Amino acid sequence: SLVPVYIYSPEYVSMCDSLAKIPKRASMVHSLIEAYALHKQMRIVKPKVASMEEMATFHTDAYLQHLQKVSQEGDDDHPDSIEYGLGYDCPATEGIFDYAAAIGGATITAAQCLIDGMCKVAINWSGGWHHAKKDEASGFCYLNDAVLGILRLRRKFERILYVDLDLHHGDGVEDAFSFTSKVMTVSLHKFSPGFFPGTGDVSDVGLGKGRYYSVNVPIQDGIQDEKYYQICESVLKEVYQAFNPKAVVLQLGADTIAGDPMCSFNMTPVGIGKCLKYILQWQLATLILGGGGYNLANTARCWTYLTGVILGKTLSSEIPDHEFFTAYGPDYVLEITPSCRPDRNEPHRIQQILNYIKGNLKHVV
């Protein structure tokens, strides 16, 4: 019950590997974790597959049923797919319903371990698909596992904090809870004309009873570890005091990391780790999720490193030999180097944003 749960099975990783666009990522991540022998210090738990009942706690039957049909066959003979957000951004490829259910189940299983007092921290690195809407796929997210996890947690925990460090605004999750104060969502993300999904300005604060229970930190290109942590920690301190959460769901998409095709933020896993540590020192039930991350090796480096932090271990700089060793060339080290690009974040603007937020959280009761 001090030992973290690690949600894993070969069938689950195989299923997550089968995504074109990020092929074999789940495998690379697990493979590297295993190769630093970190699994030996965690409780490995086979994930369940989510039932239609479970998936419907958030998603609509119309949507789930459509997803199912498209999964069996394909998208020829389905011009209806546009209505449910399938298309270039969420290809209507065969087998996606099974994929969806695997991932939803995985996250739920994680949440269930936490409810059961099996652990204080539970990990599903192949989850975090935070864009999916109740009846619409979006941003390569077919099913919002984060939301399902949060809903499962609500059985035991009255107030839940969602923190979203992915490069993108966590809109799917926010929207799901925008009208309630029982879940607070906090997202740090790039906010910029034309940048997906386009939502999440600082003045996005929630609605009705949920007003002030959505926090959004719009950030510009080229941010680095030190400044990001200052921002993050400044915001999370206020949030803890104001919201006093009983449990935490934490999305750690690695598309913020230097070297990502997204080529926007300029972070390293150390910076993100500091943010992680800060949440961990609260000692709350914590559901850890992956998300974006499209430089596959770097994404594995990052999440492997962060598992290290969760375990309180220091990992060796030298990448261990293992299935995918070649992909870590030419230097074969764990550390990641910031690019040489400018930080476009003007300090005054940041300070405005931070103050505005502290003001908003005054209101919170």
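Numbers for residues come from their place in the sequence shown, where the first is 1.
Relative to its counterpart among 61-69 and 306-314, 61-69 has the higher mean temperature factor, C-alpha atoms as listed in the PDB entry. Stretches compared: 168-176, 84-92. Higher mean C-alpha B-factor in the entry: 84-92. Residue-level inspection of the entry shows that, of 278, 196, 140, 228, 140 has the top Cα B-factor. When the modelled residues of the chain are ordered by their C-alpha B factor, residue 269 lands in the middle third.
Among all modelled residues in its chain, residue 259 ranks in the lowest third by Cα B-factor. Remark: residue 293 belongs to the middle third of its chain, ranked by C-alpha B-factor as recorded.
Residue 116: CA B factor in the lowest third of modelled residues in this chain (values from the PDB entry). Residue-level temperature factors show residue 203 in the middle third of its chain, judged at the C-alpha atom.
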